[PDB]
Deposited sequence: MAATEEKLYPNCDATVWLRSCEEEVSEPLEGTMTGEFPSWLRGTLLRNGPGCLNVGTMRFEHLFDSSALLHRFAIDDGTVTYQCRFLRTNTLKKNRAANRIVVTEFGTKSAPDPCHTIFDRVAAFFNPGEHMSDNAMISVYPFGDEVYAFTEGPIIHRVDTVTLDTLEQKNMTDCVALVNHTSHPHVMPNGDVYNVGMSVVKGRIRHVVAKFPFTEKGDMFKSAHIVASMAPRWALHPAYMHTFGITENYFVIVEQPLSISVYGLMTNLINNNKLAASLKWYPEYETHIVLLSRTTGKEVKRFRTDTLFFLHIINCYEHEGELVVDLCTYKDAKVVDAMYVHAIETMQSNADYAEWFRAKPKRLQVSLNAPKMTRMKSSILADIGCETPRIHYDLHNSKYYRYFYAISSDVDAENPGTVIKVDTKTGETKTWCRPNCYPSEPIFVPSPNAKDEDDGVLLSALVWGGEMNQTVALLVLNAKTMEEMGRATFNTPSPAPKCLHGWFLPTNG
């Protein structure tokens, strides 16, 4: 009758928005918002498990729900609107699940629920299939879609492209070249006058370790001189995926875990586009690389690591529903931030040094991205990933130099991925604020807030709180657009 994880309400993930907030909701302000903070926080995430009388069976299948916090002069409004995807249209028309999903068989999907990223002045919602959807940054209307297979011959891609200071976008994905799978880096070059998608081209590539079992990757790294590919022993079975698509099996069965093999860190030259170096580390699974950089002949790769890929199994609806009696659930979610380090001049297949960055589980990490991505940095921000923590909704700041942590948490409160915004006359790396979207657990399922933390102290500066007309689903990733 009793809970193994009494301080954790996993059912914050199991909500369906029943009514869109199309018109801006006025927010109840507490504390003191920074007056200088002006712009739009966009969020994306799962937002509907229901499809007529049917129900999705995995969280990754849940319908993409966009969120908008408009911030100006200490006032904040809230909106949320479903992304108008092909999958949503087809499922709603049929009033049932007619598209095969990651975790659900139909009775490829374009449910771009993972993230939102800027391509110049435009913003696109992503999943890892090749179709992305443009989003109106004011109204959350779904505008045109783009097909990355048509655009640059990507059959799939990560939902976490890298955005350069000059506006250029890089992303990694799979491409079939002369009947063979290759991992490729696509570049979407920014110019005011041009079209980033029209001028998109492949700038690097890499052969998979196993020709018909290419490695899955959710993120990739970039340094001054290299694209960094972390090739983990979780693979997509080409024939498996084809089979499941034909026979209408959930596509998750396409993933294969091979723990007898190690993880490789592969550097592709930004100059030549070819693999130039490769190193080894332990068998691990990862989703989010924190940052990569070169410093005085050393390569640094910071990422949030698991021992295996069981976190995927943890996010089945049934697994979430029954987690309070699951003795292994916390271990499935057991992530640890690690620094992988090696000399750039070291021989090929040298083992990397692997160090823990902090003695606390971290996920959905962010940094002072605009100034520190691909470069030396000191601080990252994340959310606690320990299911069995005293408070599993902790916002964490890690000082990578010292190992010092600073935290913010409140009872029954579940903050999102924190996004860093620098202060107007910023001197230091952590001279700014964190924006986080809050939901609450238990029966407090129709309240959302924008939290603003002081990045130096991790103290709450201010908060805007909203009530939604229907259940408020928990989001995944976002982006801040300054005015």
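Q: Tell me, which runs of residues in the deposited sequence have no coordinates at all?
A: The deposited sequence has unmodelled segments at 1-4, 112-131, 508-509.
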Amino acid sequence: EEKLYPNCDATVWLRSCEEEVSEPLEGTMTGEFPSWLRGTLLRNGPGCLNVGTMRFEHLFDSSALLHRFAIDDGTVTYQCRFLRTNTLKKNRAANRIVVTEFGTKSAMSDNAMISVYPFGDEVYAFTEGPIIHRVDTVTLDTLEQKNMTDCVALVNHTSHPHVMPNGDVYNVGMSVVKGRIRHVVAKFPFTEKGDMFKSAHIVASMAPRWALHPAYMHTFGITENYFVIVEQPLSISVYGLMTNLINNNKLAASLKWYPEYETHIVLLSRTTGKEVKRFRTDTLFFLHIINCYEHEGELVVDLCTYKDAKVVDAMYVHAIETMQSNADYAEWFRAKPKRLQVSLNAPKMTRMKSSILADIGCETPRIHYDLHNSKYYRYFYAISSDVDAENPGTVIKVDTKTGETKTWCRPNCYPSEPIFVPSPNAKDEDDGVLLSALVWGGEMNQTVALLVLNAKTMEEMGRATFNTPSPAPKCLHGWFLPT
From here on, numbers count along this sequence of modelled residues.
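Q: Would you mind comparing 28-36 and 451-459 for me and telling me which has the higher average C-alpha temperature factor in the entry?
A: Higher mean C-alpha B-factor: 28-36.
Q: Going by the mean C-alpha B-factor recorded in the entry, which is higher: 254-262 or 379-387?
A: Of 379-387 and 254-262, the stretch with the higher C-alpha B-factor average is 254-262.
Q: Looking at 125, 330, 176, 172, which one carries the largest C-alpha B-factor according to the PDB entry?
A: Of the candidates given, the C-alpha B-factor peaks at 176.
Q: According to the Cα B-factor stored in this entry, which of the following is highest: 193, 410, 372, 288?
A: Among 193, 410, 372, 288, the PDB entry lists the largest C-alpha B-factor for 193.
Q: What third of its chain, lowest, middle or highest, does the C-alpha temperature factor of residue 61 fall into?
A: Middle third by C-alpha B-factor.
Q: Lowest, middle or highest third: where is residue 368 by Cα B-factor in its chain?
A: Lowest third, going by the recorded CA B-factors of the chain.
Q: Check where residue 446 lands among this chain's C-alpha B-factors and tell me if it's the lowest, middle or highest third.
A: Ranked within chain, residue 446 CA B lands in the middle tercile.
Q: Splitting the chain's C-alpha B-factors into thirds, which one does residue 98 fall into?
A: As the PDB entry reports it, the C-alpha B-factor of residue 98 lands in the highest third of its chain.
Q: Which third of the chain holds residue 431 when residues are ordered by C-alpha B factor: lowest, middle or highest?
A: It falls in the middle third of the chain.
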